[PDB]
Structures are given as structure tokens and as C-alpha cells.
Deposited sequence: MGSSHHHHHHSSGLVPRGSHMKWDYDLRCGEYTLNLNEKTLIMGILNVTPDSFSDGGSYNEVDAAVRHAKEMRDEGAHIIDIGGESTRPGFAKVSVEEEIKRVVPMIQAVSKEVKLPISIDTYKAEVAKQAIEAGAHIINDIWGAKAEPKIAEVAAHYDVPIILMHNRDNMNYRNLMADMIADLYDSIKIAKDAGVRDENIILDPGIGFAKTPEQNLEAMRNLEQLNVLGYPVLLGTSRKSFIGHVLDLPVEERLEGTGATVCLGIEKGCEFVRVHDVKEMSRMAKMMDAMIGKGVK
């Protein structure tokens, strides 16, 4: 069904056998022992609970200067990649920040502006030959047709990536749940996820604990585990390749049950 593995330098990710789980690493503020030590323990924990990728990045949910984001995030990567044998993605949109992260040992790029923030990032991706996640986002919500416009917008990211030298096999798409979308639009995107498949790239889904779940269930962030469950289940059934979650133990067992049932693996 995919005729290629996801190549991640040291590691290799097979897209046919199971839904791959990307664990969110909270960067609680760099350099200090407390910060880097708690991040390592948390990454070790996530590896133990069934995670396949560690996603390192903070400051999205402020506007910090770039030379600082590096001071924060570079030590984090050096440590985790040394002590947790697992691919690391860097969660930034900035070109200069991404460059450092791969240099410090990070394997995937995770751009929440899908190369539209700093088009030069896609050039960094092409050069180190890393896989890149292009997320749907935009500075507004004035959609003519939600799904039609997402697919259009995503394809504009691909165009920037490909004209930068990025190979098709190093491209992952993400519908960008929670970004430039009302609670009701987020549901529609979920309902229509299977459309992104026509584009012919692997899709990552990120819905973990987000507020649209709260809006439906009327429930604060620490009570959003079951809601997340449902979004991850519907996601996988709609053909997702990756899920980005906080609750690795739980989501990982759900993915596995989903895989058994849908006939994946």
C-alpha cells in the first residue's frame, strides 16, 4: 500500500504495519539540569509506553526571538537522541531553528505553517534530506469550502517544498486540527479526513487534548482522554499514518486495537 519506508537517518519507519505514534514533549522552561533531566525522563517514559517518535518543541498554543529558541531546544535534542533510541522531530516553523535541531541530532521537521512562515525552511529540509510534516494553517478563517480550501492550501505547501528540492517520499501532510478552524470546522475536517488521501502522501493527525474536544464534551483539558480516543480512532479509520498524542500508553493501545480491526498489519 506504501511502496516505501520512511527514512530517518539512523532509524526507519514502516508505514504499512501499524499506526505510528508521535509523543508530545512539553518543554517547561535553556540548558539547566532540571529542564533537560525532566525532558529525558519524560521521553524515556513515552518510549516505554509504545511511542515511535518524540516530538520536541514549545511556544505554540507568545513570540520569542530565534537565537533563544535554539538555546532552549538544542540541549534537549542532544540529550534525548543520546539516551532514547528513537527518531526526533523538531516542532518549529523557523528556518534557522530547524537547521540547528537536525545539526543537534533531530530527524523530522514539523512545520505548523507548512513552509509558508519561512519558505527557506523547506530548503533546510531538502538539504539534510529529512522528512517534513506540512501542516494546514492560515492567518484567517474565511473559507469558501473548508475541505476544498484545505487541500488547495496544503497543495501550496507541497509546491514550495518540491520547488525547494524536497523529494515526494520525505513529505507528510497534516490537516492542522485546532488551527484557523472553529470548533464546528474542526469536526467537519475530522468527518472528511479521508479526502486528504487523494494527494498521495502519508498523513499525520494532531488532535490530542485540544479545545474542540472540550467544546463537544464540555470538559477541561485534564478530562480529555476519551474524547482524544475517539478522534484518534476515527483518524486511523480514515487512513492516518501517524497520530500526535500526549497520552502514549492509552492512545497506543487504541491504535493497536484499531489496526487489528481495520486489517492493517
No C-alpha coordinates means not modelled. Give me those stretches of the deposited sequence in order. 1 to 21, 51 to 55, 88 to 91, 296 to 297
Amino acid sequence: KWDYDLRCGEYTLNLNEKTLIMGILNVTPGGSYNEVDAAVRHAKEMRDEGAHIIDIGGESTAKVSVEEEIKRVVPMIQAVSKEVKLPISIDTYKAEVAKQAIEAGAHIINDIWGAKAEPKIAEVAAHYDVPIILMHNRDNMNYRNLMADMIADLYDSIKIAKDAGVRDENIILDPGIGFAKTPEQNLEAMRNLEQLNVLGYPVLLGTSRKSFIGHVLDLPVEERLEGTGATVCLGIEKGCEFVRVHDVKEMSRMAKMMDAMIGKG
From here on, numbers count along this sequence of modelled residues.
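The term rigid core refers to the most C-alpha atoms you can superpose between the two forms while keeping them within 1.5 Å.
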Core-superposed in 9 other deposited structures of this protein, which stretch deviates more in Cα positions, 210 to 218 or 50 to 58? 50 to 58
Core-superposed comparison in 9 other deposited structures of this protein: bigger Cα RMS shift among 198 to 206 and 64 to 72 is in 64 to 72
Out of 242 to 250 and 9 to 17, which stretch has the higher average CA B-factor listed in the record? 9 to 17
Please compare 96 to 104 with 183 to 191 and name the stretch with the higher mean C-alpha B-factor in the deposited structure. 96 to 104
Among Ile133, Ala148, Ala126, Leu154, single out the one with the highest C-alpha B factor in the record, please. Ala126
Highest Cα B-factor in the PDB entry belongs to which of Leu225, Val232, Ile53, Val66? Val66
Should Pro220 be placed in the lowest, middle or highest third of its chain by the C-alpha B factor in the entry? middle
Looking at the temperature factor on the CA atom of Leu173, which third of the chain's modelled residues does it land in? lowest
Comparing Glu45 with the other modelled residues of its chain, is its CA B-factor in the lowest, middle or highest third? middle
Relative C-alpha B-factor of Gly214, binned into the chain's lowest, middle or highest third: middle
